[PDB]
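Shown next, in structure tokens, is the structure this report addresses.
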Amino acid sequence: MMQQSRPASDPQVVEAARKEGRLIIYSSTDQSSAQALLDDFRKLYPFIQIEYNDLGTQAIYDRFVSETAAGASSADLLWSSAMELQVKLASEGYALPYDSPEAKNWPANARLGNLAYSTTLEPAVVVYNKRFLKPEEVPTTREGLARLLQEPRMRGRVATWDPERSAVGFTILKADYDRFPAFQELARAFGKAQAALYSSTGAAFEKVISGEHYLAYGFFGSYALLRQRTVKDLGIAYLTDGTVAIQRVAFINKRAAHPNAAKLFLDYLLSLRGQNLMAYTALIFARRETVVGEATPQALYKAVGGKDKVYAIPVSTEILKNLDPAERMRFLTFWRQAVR
Ligand SMILES: [Cl-]
Ligand SMILES: [Cl-]
Ligand SMILES: [Cl-]
Ligand SMILES: [Cl-]
Ligand SMILES: [Mg+2]
């Protein structure tokens with residue numbers, strides 16, 4: 001649905017983007033998942049060449065800060081799941097202020113005024129290998145997963161984030177810790193099962209697919225849906241006690257060489273066309289409710305047993321509390337003691 005519509009970017013912005021002719025993206029969205037968006041954007045605007053830099057969340061931050069400080073060529077658009085890092089940059093002078101004509105109905109907690117925008121509503125899910133755990137054996141609660149991880153067969157068979165090496169692994173597990181008391185019991189059960197910690201979804205998924213691990217906790221439902229299309233052994237379980245949802249944050253570099261191309265791409269991501277392509281084809285869980293496909297808010301809400309079971313991390317300067325050293329210290333001390 002909406003596959004032929006045109007985002008409402010101002011015609012002067014389209015003409016300015018044509019004069020630029022190029023768009024440099026730094027993104028943590030795996031290119032496997034991003035590629036259909038890039039292809040569809042080029043169908044709309046064939047006069048823009050896209051350079052897609054598929055990078056780690058901490059690496060995007062470090063590279064962009066370093067390049068900016070050097071006065072050097074950097075990204076036009078930054079698109080990352082490490083919400084706190086994106087909100088920090090966009091609240092420190094790095095962002096081009098732009099009021100997207102596609103974001104008029106965004107809630108105030110899904111945008112930083114005109115500086116940065118939510119593009120997705122992506123759940124942290126459980127993935128497992130059906131050869132080793134049947135669907136009916138996989139709990140959908142933190143307390144139930146804690147019980148499963150007492151079992152001898154689960155020792156060495158669990159993957160989760162390393163929040164000390166992945167910035168979004170921090171986002172997700174910090175939010176879980178903050179919102180769900182049962183997270184503490186589950187983290188001790190990660191210690192019991194000798195959970196292996198990964199800095200990327202692909203590294204954890206490769207282990208689940210090989211059966212080195214049976215179950216991975218906290219990775220993106222978007223990537224799981226897309227992997228399941230080619231790996232029929234991959235199962236997905238949604239948490240019914242409460243689901244953390246991240247919002248991938250996009251903003252335009254204030255110092256972009258191609259700011260208008262970046263405007264068009266932001267407006268594309270936020271548009272009904274882009275959000276429908278997420279939900280239907282890319283299998284990225286869309287931010288917009290008015291979407292058709294597998295990767296939709298309605299589908300997430302049905303899977304978890306209602307919208308009130310989803311904690312959507314806001315695109316807000318309030319989330320920078322998570323970067324406070326004492327707040328980071330409390331979480332990481334708890335984590336490191338529980339998972340050892
Ligand atoms: Cl609002
Ligand atoms: Cl890793
Ligand atoms: Cl549209
Ligand atoms: Cl909508
Ligand atoms: Mg990635």
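Quick notes on this one:
- For the stretch 252-340, the square roots of the Cα gyration tensor eigenvalues, ordered a ≥ b ≥ c, give a/c of at least 1.5 with a/b no greater than b/c, which places it in the oblate category.
- Amide H contacts of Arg22 (H built 1.01 Å from N, in plane; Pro and chain starts excluded): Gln49 sit under 5 Å, all sequence-distant by 5 or more or on other chains.
- Principal-axis analysis of the Cα atoms of the chain puts helix 57-69 at an angle of about 40° to the longest axis.
- When the chain is treated as a Gaussian network with alpha carbon springs shorter than 10 Å, the biggest mean-square fluctuation among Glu136, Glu15, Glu294 belongs to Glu136.
- If only the Cβ of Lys and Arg carry +1 and only the Cβ of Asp and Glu carry -1, the dipole of the chain around its Cα centre is close to 540 debye.
- Mean-square fluctuations from a GNM of the chain, with a 10 angstrom spring cutoff on Cα atoms, peak among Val138, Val65, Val249 at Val65.
- Residue (of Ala182, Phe220, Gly71) at the positive-pole extreme of the chain, dipole from beta-carbon charges: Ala182
- Overall form of the chain per C-alpha gyration tensor (a/c, 1.5; a/b vs b/c): prolate
- Taking θ as phi - 60° and the Karplus parameters 6.51, -1.76 and 1.60, the scalar couplings of the stretch 307-317 work out to 4, 6, 8, 9, 9, 7, 4, x, 7, 8, 5 Hz in sequence order, x denoting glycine and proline.
- Over all directions, the projected convex hull of the C-alpha atoms in the stretch 1-61 averages 5.0 nm² in area.
- Distance violations [Cα-Cα > 24 Å] among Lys19/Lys88; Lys192/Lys321; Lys19/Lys43: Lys19/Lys88; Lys192/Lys321
- Build a GNM of the chain with springs between Cα atoms under 10 Å apart, and of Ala237, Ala286, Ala69 the one that fluctuates most is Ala69.
- DSSP beta bridge pairing in the stretch 1-122, given as percent antiparallel to the nearest 5: 10 percent
- Integer Hz, Karplus 6.51/-1.76/1.60 couplings in order for the stretch 331-340, x for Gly and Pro: 5, 5, 5, 4, 4, 4, 6, 6, 8, 6
- Averaging the Cα positions of each part gives two centres, and for the stretch 88-167 and the stretch 28-81 these lie 20 Å apart.
- In sequence order, the stretch 219-230 has phi-based couplings of 8, 5, x, 3, 5, 5, 4, 5, 5, 4, 5, 10 Hz under the Karplus curve 6.51 cos²θ - 1.76 cosθ + 1.60, θ = phi - 60°, and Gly or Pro positions carry x.
- Across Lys104/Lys254; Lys134/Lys307; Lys263/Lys302; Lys207/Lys309, pairs whose alpha-carbon gap is larger than 24 Å: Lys134/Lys307; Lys263/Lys302; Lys207/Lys309
- Geometric extent, Cα atoms of the stretch 288-340 - Rg, Dmax (angstrom): 16.5, 44
- Of all beta bridges that DSSP places with both ends in the stretch 71-223, some 50 percent have antiparallel geometry.
- In this structure the amide hydrogen of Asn253, modeled in the peptide plane, comes within under 5 Å of the amide hydrogens of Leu77, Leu78, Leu96, none closer than 5 places in sequence on its chain.
- Of the GluC sites (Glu not before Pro) found in the stretch 32-107, the ones in coil according to DSSP and having at most 13 other Cβ atoms within 10 Å of their Cβ are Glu92.
- Per residue of the chain, the DSSP helices (runs of n ≥ 4 H) give a summed -39500 (n - 2.57) that works out to -12000 deg cm²/dmol at 222 nm.
- Amide H contacts under 5 Å for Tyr198, placed H, 5+ residues apart: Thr160, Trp161, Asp162
- Gyration tensor verdict on the stretch 226-265 (Cα atoms; rounded if a/c is under 1.5, prolate if a/b is larger than b/c, oblate otherwise): oblate
- Across all directions, the average projected area of the convex hull around the alpha carbons of the stretch 153-281 is 10.2 nm².
- Here the stretch 196-334 is treated with +1 on each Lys and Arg Cβ and -1 on each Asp and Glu Cβ, and its dipole about the Cα centre works out to around 380 debye.
- Cα lying deepest toward the dipole's positive end in the chain, options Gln337, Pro107, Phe285, charges on Cβ: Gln337
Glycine also receives a Cβ, built like all others from the backbone with ideal geometry; neighbour counts cover every protein chain displayed. A short reminder: the numbers here are calculations on the coordinates, not readings from a lab.
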